[PDB]
Structure formats: structure tokens, C-alpha cells
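A single chain comes next, written as C-alpha cells; it is the form deposited in one PDB entry.
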């Protein structure tokens, strides 16, 4: 049934998957492209190495498997197959996920000088995917260019389900976060977060697609806050006064900034302006950016409002088939506490349930 091929690590896969070649790298290792001789299509192949090795990674892997299966939305990456080459629960080591194959992540698209039609279409698809997650009870919290993928026909999919809400303990730990440029400021302000944490990330991604550089590029929390207030301005006295004392004192002690008007921050001449239509769309794009890149989450636009925005809603087709809300058969998907051996069996059964 199987054959082993070495990319930078060895991949042991079903014979139907041929010509494996690395297309990217992440926390779970190498992702390969492959040709599925049985389907006749190209696919992506991801290997999860001993995902049950610890409680943190086990819970994350189990959640991803359950959600990838249950969710079926055109802007969330599709799971096509799941398998393990090992023959018993005891010998079980590795899980292989087979996904639909896309052409690039959004990091590549930032340099591609997109026009209003392509930019708004990508943003519409992103917001559709986020809306579907939110309707399923999932706030993503870690959207960024590298976990959003696109095809050359401008179709777009969100690659993963983000970060579950979890209390960090000595044994449920937090992977270190490398890329922090897209995370809303209420987190580092100690405020906690709501669903429109994801809207801030979309605002940051949209800004980068338009400008070609990272909007808020800080080296740590202190630097990140400075880069936010230098561009958007010091938030209101009432907002600052509602912060916890140490944070409040710090942010009230910073130099004050008026904020750069969005007409100066995102000026007409970095957008298309050939036609009268282009000039209307530029105003609309800037209006949407000014409603997403808002420090105070109580004043930031919602996903539902963003989808209705004139820049975005041109792409809504009432004749298109809607996606049904997922039916997540495991209700206690976040309330799970298990020893390693129990996680291993839970994950194994999920994998076998596919065969």
C-alpha cells in the first residue's frame, strides 16, 4: 500500500500519491505537493509527527482533524484524505493529511500589484471564510498572510482553524509566536478579545496588500504599541482609563499622537484611479480600512458589517449555494482533558474513521 520518499524528512504515503516535492514549512513540519494518480488531481500532503506526544499538540491536532472533516466551505481548505502507515494503535506514530493544493500563500500576493477587482475579491473570500468560522463558534485569532492560500484564478482559502481559547498551565503550554504583526492591540493591552479580533487582522492584511509592506512591524510589545499609535493616534482618554493600572499608566505616559488621516496613510495614488469607477472604489477601500484598523474593539466594524460594505458586497452572489453550518459531533471539543495515552487513541480512532 505504501512507499517511503525523503523530502527533508521521510514521508511514508499511499502509492496513489506520487512525485512528492516540498511547497512550504511550518510548525508541523514539511508540506508537500503530490499527484494523486487515483483522482487525477494535484494535492497537498502534510505530515503530523507523533502529534499525541504532549497534551498541547495532541489537543491542537485532534481539533484540526475533527474540524477539517466537519467543515465544508469554499474559503476553508478542504481535507481530501487522512491516513496512517502504521498498522496498530500501539505502533501508531504519524498522521498524514491530504488537502486540496493551492498555488501560493498571501505573502506572494503582496508584491503582485493587484487592482480593485482582485483585491476586493480576495477580501470578500477572506471575510466569507471568517464568517463561517464565527458561525461555527470559532474565533480564529491568528490570521496572517502565511496561513491564507490562493490559486492563480484568485480563489482563496483559510488554511487552519486558528487558536482555541485555552488557559495556560504548567502542562497545557503555549507555542512561542514568531509573527505578531497581525494581532489586535487589545491582547497586548490586557483587555481580552472578542470575535472582531479577526477584523483587525484582515485590516492589517488588506493594508499590506495595498501598500506592499507590513503595516505594524514591531519587534516586541512595546515597539508594536508605538507603531500602532504613531499611525492611528493615541486612543481616547476613556479607552485608556478603562485599562488595568500598570498598562493604563504606561499608555497614558506615552507621547501623544494625532494619528495620520487615512487619506494620507492610504493616498489615492497608491490605488488604481484610471476610471470614475476606480475613484469610487478607492474611497470605498479607504473607508473600509478606516473601520477595520481601529484600536478600540467596541468601535471596530464586525465581520457581518464588513461583508455588507460597498467595497466588498459587489461580490455577493445570491444564486450561489450557501454552505451549511458544520455539525461538530464532538461537543466537548475545548473541554477535553486527557492523558497522552487517551489522546493517542482518540486521534487514532479519528484517523481510522476515515478508512
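C-alpha atoms forming the largest set that superposes within 1.5 Å between two forms make up the rigid core. Residue numbers count along the first chain shown, from 1.
Missing here is the form deposited in another entry; even so, the following discussion is about that form.
Superposed on the rigid core, the two forms differ between this form and the one not shown by 2 Å or more at the C-alpha of one listed residue only; from 312, 34, 294, 303 that residue is 34. Remark: with the core as the superposition reference, the CA shift of residue 250 between this form and the one not shown stays below 2 Å.
Relative to the superposed core, residue 121 shifts its CA atom by less than 2 Å between this form and the one not shown. Residue 83: CA moves 2 Å or more between this form and the one not shown after rigid-core fitting.
Note: residue 292-residue 320 Cα separation is 3 Å or more shorter in that other deposited form than here.
Closer approach of the C-alpha atoms of residue 320 and residue 129, by 3 angstroms or more, is seen in that other deposited form than in the present form.
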